[PDB]
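First comes one chain, alone, set out as structure tokens in the form deposited without this ligand.
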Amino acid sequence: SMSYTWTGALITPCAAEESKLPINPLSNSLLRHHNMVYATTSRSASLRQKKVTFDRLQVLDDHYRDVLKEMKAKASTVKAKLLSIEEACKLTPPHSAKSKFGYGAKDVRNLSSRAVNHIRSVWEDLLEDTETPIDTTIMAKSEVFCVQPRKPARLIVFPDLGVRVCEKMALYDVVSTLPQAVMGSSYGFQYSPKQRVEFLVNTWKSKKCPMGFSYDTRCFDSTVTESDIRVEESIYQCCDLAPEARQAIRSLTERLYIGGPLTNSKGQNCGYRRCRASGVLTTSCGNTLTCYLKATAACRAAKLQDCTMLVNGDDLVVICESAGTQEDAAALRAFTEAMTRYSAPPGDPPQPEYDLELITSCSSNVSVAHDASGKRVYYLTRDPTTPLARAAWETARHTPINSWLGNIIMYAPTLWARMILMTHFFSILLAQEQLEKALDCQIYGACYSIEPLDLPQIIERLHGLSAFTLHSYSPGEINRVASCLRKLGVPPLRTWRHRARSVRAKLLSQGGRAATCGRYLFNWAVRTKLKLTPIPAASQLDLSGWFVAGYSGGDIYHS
């Protein structure tokens, strides 16, 4: 069937849409070429619509069926729990889109009478009505990027807040536990960046002659078929479930997940969806299971030897045993034709790689640096272009989510996050005297409230003390960073070092947690290094839950 059907009504914005980076003294000190930074808007929606609208092709074979059964066998060991209304409410983000039924996220979290009562009625409706398609709103996603030598906005589809709370009750536990049970070490969201690097490195070194490749599916969500979504449900159904959860899952599958009507911000009928909606609770888990199922089966059909996969939603990376240059190239081609038959055609053509550091998965690549002892240490990095552009945007405009904070946490060991992001934002927080202000950021799609002053402990727990001592980065990594800066008009690293020295001194003079940030975060800035010992508060933070599962588009808030 067609992934989408359109009536002609336009995808409209619910407010003014900013697309240009403001000329601000704070953002200008970080990035001067402001005209190179832009934010996607509804103005390019039609372009996106064109790319994601097509008739899907899907042929399932014995390999697919074999792998599916293997997966259901593992799903069968799972017992999922129904979340209470209260628990589901507490998982709703403070700034989540309000319901059209007279209440918002605030009311949901405070368990207000109107919100709870409506949520109960929506739940009872899921138990009673197994067929009526649930309404969804379609919006053009607002994302920031750097112009290329531009990207159309992504389309986000989500149901009303009441429905979202119900999804949590019936499926939060399932999407939080089932993926790991089914895919084991292949489920990427169970790993912190350091553990992900560890897994990739060990897997790579565990092969006699390793060969790896990233596989980019062309607009994955639109390739997900009704069959795929019902197969996904068949896996969920293997869990032990409360009767009402089993029905809610059955109802949500047919009324929402497999497709439904699309309504714009103006309340007009935009068309119909018959593929994956980006904004429902099962999207991350569903895409991961679907991608893993198809790829595992495709690997068998292609005859790839000793395959080890790592999947994060629609992002896939495979490491296997090389069978020779020409043999690998032909096998990868076969793999792609098998994925294509499974309705997961390639976006960027896949290519075999024989150097782990040259593989990009989850927009990241493995690289090497050295610790104080001089020992080699692997860590996760990426091209800093998007992170810097977004840091500049969030510097000039207020944003609910701070990608810069999430980037510092996730890429704390990198040359760019340390010299630029930390320096830039700590200097601003110092000037505005807001170091003790907790800020929101997302990790694997879930929203977290984090205090900047706790970054030293956080970083130590997730990355280890080496994150504060890495040096002698690879020439390739240094060049990528340096060239990126010249491109964006970001001051050269020498300028950042000078600014860092001043930020460090200021932080130390304040003492307390502030001084700790100066000592650990900026020890790289001084020649007379200080002794960095394990932070007492570090080995005490409850980071359990940070890297358990993916929740992108899931409307999840962890507190």
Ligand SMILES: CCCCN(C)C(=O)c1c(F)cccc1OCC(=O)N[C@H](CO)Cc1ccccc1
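Residue numbers here begin at 1 and follow the sequence given.
Separately, the form deposited with this ligand bound exists; it is not shown, and the next lines address it.
Asks: May I ask you to decide between open and blocked for this site, after superimposing the site C-alphas so that this ligand adopts its pose in the deposited complex, counting ligand atoms within 2.4 Å of backbone or C-beta atoms with 3 as the threshold?
Replies: Placed partner shows the pocket blocked.
Asks: In the deposited complex, does residue 411 have a heavy atom within 4.5 Å of this ligand?
Replies: Residue 411: contacts this ligand in the deposited complex.
Asks: If we define contact as a non-hydrogen atom of the residue within 4.5 angstroms of the partner, is residue 196 a contact of this ligand in the deposited complex?
Replies: Heavy-atom contact with this ligand at 4.5 Å: present for residue 196.
Asks: So in the deposited complex, is this ligand close enough to residue 322 to count as touching (4.5 Å, heavy atoms)?
Replies: Contact with this ligand, no.
Asks: Looking in the deposited complex, any heavy atom of residue 443 within 4.5 Å of this ligand?
Replies: Result yes; residue 443 sits at the interface with this ligand in the deposited complex.
Asks: Among 427, 190, 336, 214, which has at least one heavy atom within 4.5 Å of this ligand in the deposited complex?
Replies: Of 427, 190, 336, 214, the residue with a heavy atom within 4.5 Å of this ligand in the deposited complex is 190.
Asks: Heavy atom within 4.5 Å of this ligand in the deposited complex: which of 180, 308, 265, 364?
Replies: When this ligand is considered in the deposited complex, the option within 4.5 Å is 364.
Asks: Heavy atoms, 4.5 Å, this ligand in the deposited complex: which of 250-258, 229-237, 182-190, 328-336 makes the cut? Say which one.
Replies: The contacting stretch is 182-190.
Asks: Whether 448, 462 and 547 jointly form a contact site for this ligand in the deposited complex is the question; each needs a heavy atom within 4.5 Å.
Replies: The answer is yes; 448, 462 and 547 each reach this ligand.
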